[PDB]
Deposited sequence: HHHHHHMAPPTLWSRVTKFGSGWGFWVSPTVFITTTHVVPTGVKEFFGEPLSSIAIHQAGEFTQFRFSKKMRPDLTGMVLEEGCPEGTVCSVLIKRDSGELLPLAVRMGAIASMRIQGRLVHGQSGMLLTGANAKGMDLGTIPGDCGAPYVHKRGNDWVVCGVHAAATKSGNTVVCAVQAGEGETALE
């Protein structure tokens, strides 16, 4: 299934990587790309944002509609093993590099000392800078997002962080 422009428009440069607008108020990203010590995100004070971070998965819920042009999509905790997702990688150049990935198992893993609650997959390459890119798949009418890019083997195996 081919990701349409509006879906790409959700993928947003953020910190040392990317994040993704799940809806007008909900933004997801990979914890380690998130800027630390700041007092606002997208011009909104922390106080106005509900933040939950665990297992390298970060979710922001804003009090205000930040992307009022968007519809809300389904966010799931990973996907069924065997599902082929697309990782919607934007590069700093502007290039779009959707990568097809056959997903494997969900697991709590230690990767370079960090606890990642995630899902591994095999590419059917990712680089530093790509973390936070969304893993998506289409089910019926609806695109589903089920993780954010977190790691890859040197090899090729990729891992996305998934929500509790």
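If I number the deposited sequence starting at 1, which residue ranges have no C-alpha coordinates at all? According to the record, the gaps fall at 1 to 5, 130 to 139, 171, 181 to 188.
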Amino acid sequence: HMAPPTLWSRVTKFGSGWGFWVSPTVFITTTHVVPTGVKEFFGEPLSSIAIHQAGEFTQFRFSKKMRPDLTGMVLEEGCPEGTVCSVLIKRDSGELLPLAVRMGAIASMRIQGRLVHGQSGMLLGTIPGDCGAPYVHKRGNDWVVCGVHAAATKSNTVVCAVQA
From here on, numbers count along this sequence of modelled residues.
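Take the two forms, superpose them, and find the largest set of C-alpha atoms that agree within 1.5 Å; that set is the rigid core.
State which stretch is farther from the displayed form on average in 4 other deposited structures of this protein, 58 to 66 or 111 to 119, counting RMS CA distance after fitting on the rigid core. If we average over structures and residues in 4 other deposited structures of this protein, the farther stretch is 111 to 119.
Any chance you could tell me whether 44 to 52 or 102 to 110 drifts more in 4 other deposited structures of this protein, judged by RMS CA distance from this form after superposing on the core? The more displaced stretch in 4 other deposited structures of this protein turns out to be 102 to 110.
Between the two ranges 81 to 89 and 68 to 76, the one averaging a larger CA B factor in the entry: So the stretch with the higher mean C-alpha B-factor is 68 to 76.
Given the B-factors recorded for C-alpha atoms, which segment has the greater mean, 22 to 30 or 47 to 55? Mean CA B-factor is higher for 47 to 55.
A100, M109, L96, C131, ranked by C-alpha B-factor: the highest one: Most elevated C-alpha B-factor of the set, per the entry: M109.
Tell me which of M122, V38, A105, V136 tops the list for C-alpha B factor in the record. Highest CA B-factor of the listed options: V38.
Just say lowest, middle or highest third for the CA B-factor of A3 relative to the other modelled residues in its chain. Its C-alpha B-factor, which the entry lists for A3, ranks in the middle third among residues of this chain.
Ranking the modelled residues of this chain by C-alpha B-factor as given in the entry, is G147 in the lowest, middle or highest third? For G147, the deposited C-alpha B-factor lands in the lowest third.
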